[PDB]
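Undergrad: Please see the structure below; I have some questions.
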Amino acid sequence: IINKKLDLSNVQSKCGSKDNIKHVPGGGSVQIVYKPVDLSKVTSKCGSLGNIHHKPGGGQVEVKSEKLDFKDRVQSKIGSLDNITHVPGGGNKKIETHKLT
Amino acid sequence: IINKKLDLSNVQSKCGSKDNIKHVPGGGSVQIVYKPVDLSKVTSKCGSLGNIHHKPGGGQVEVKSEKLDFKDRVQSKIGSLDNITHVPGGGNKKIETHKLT
Amino acid sequence: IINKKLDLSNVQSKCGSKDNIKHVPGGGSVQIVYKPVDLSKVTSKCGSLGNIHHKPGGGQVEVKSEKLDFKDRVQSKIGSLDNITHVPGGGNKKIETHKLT
């Protein structure tokens with residue numbers, strides 16, 4: 001057996017994944033999650049009197065509120081968010097999340 | 001056996017995936033999730049008196065509210081969001097999420 | 001057995017993942033999570049009288065509130081957020097999260 005490799009690679013694996021994003025306002029509220037997953041390989045070669053301009057755009061997020069009025073009560077009442085029971089275990093009994101009786 | 005490789009590759013795998021995104025406002029609210037998955041390979045070669053301009057556009061997100069009025073109560077009442085029971089386990093018994101009795 | 005490699009690679013693995021992001025305001029509130037996952041390989045070669053400009057854009061997040069008024073009570077009442085029971089264990093009994101009786 002002869003095993004030979006040149007690994008000159010670029011890898012992103014399982015990146016930026018399985019995020020759980022919740023925004024639950026009463027009112028007048030902004031949530032921004034800015035999560036690009038970017039893999040860039042750039043090999044600019046410039047001889048003689050050439051020019052290379054490499055200026056790809058980035059992400060822009062703009063939120064503008066010019067006027068916002070709430071003239072009466074802003075109220076949130078949350079008993080729960082996001083109840084989860086995972087239980088990959090073998091032989092478990094009476095496993096409970098958010099039990100009301 | 002002879003195994004020979006040149007791995008000069010670019011890979012994104014399982015990136016930016018399985019996000020759980022919830023926006024549950026009473027009112028007057030913005031959620032922005034900016035999540036592009038971008039793989040770019042660029043090999044600009046510029047000889048003599050050439051010019052290369054490489055300026056691909058980025059993402060733009062703009063939200064503008066010029067006027068917004070709520071003249072009476074803004075109210076949210078949430079008993080739950082997003083109840084999940086996964087249970088990949090073997091022989092489990094009486095497994096409960098969000099049980100009301 | 002002969003095993004030979006050149007590992008000249010760039011790797012991001014499981015980066016920026018499984019974040020649990022919650023914004024639960026009464027009102028008038030901003031949450032920004034800025035989490036790009038970026039892998040950049042750049043090999044600019046510039047001979048003679050060439051120019052290389054390498055200026056790819058970054059992320060911009062702007063939130064502007066010009067006027068915002070709440071003229072009455074802003075109230076949040078939270079019994080819970082995000083109850084979770086994991087229990088990958090063997091043979092556990094009477095395992096409870098957020099139990100009300």
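Each position is counted from 1, following the chain as shown.
Cβ atoms here come from the backbone N, Cα and C positions, even for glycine.
As annotated by Swiss-Prot, deamidated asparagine applies to B:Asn3, with the evidence given as experimental evidence. Positions annotated as ubiquitin cross-link by Swiss-Prot: B:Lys5, B:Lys22, B:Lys35, B:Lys41, B:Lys45, B:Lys55, B:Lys67, B:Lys71, B:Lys77, B:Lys93, B:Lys99. Marked as site 'Not glycated' by Swiss-Prot: B:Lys14, B:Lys18, B:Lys22, B:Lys35, B:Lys41, B:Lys45, B:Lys55, B:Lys64, B:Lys67, B:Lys94, B:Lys99. Swiss-Prot lists B:30-60 with the feature repeat 'Tau/MAP 3'. Under the heading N6,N6-dimethyllysine, Swiss-Prot lists B:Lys35. Per Swiss-Prot, omega-N-methylarginine is recorded for B:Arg73, and the stated evidence type is similarity to another entry.
How buried are these features, and what lies next to them?
TA: According to DSSP, B:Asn3 (deamidated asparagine) is assigned to a strand segment.
Within its own chain, B:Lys5 (ubiquitin cross-link) has no residue 6 or more apart in sequence whose C-beta sits under 8 angstroms from its own.
The Cβ neighbour count for B:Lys14 (site 'Not glycated'), using a 10 Å radius and every protein chain shown, is 15.
According to DSSP, B:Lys18 (site 'Not glycated') is assigned to coil rather than to any helix or strand.
Counting only same-chain residues at least 6 apart in sequence, those with a Cβ under 8 Å from the Cβ of B:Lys22 (ubiquitin cross-link) are B:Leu81, B:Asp82.
Around B:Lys35 (ubiquitin cross-link), the C-beta neighbours below 8 angstroms that are at least 6 residues distant in the chain are B:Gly16, B:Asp19. The secondary structure of B:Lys35 (ubiquitin cross-link), as reduced to three states from DSSP, is coil rather than helix or strand.
If you take the C-beta of B:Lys41 (ubiquitin cross-link) and look for same-chain residues 6 or more apart in sequence within under 8 angstroms, you find B:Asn10.
Around B:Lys45 (ubiquitin cross-link), no same-chain residue six or more apart in sequence has its CB under 8 Å from its CB. DSSP assigns B:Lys45 (ubiquitin cross-link) to a strand in the three-state reduction.
Under DSSP, B:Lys55 (ubiquitin cross-link) is assigned to coil, being neither helix nor strand in the three-state scheme.
The local packing around B:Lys55 (ubiquitin cross-link), expressed as other Cβ atoms within 10 Å of its Cβ over all shown chains, amounts to 13.
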Undergrad: Same chain, outside the repeat 'Tau/MAP 3' (B:30-60) by at least 6, Cβ under 8 Å from its Cβ: which residues?
TA: 10, 12, 15-16, 19, 21, 23
Undergrad: Between B:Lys55 (ubiquitin cross-link) and B:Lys64 (site 'Not glycated'), how far is it from one CA atom to the other, in Å?
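TA: Rounded to a whole number, the Cα-Cα distance is 27 Å.
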Undergrad: Enter the number of other CB atoms within 10 angstroms of the CB of B:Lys18 (site 'Not glycated').
TA: 12
Undergrad: For B:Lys94 (site 'Not glycated'), list the number of other Cβ atoms lying within 10 Å of its Cβ atom.
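TA: Its Cβ has 12 other Cβ atoms within 10 Å.
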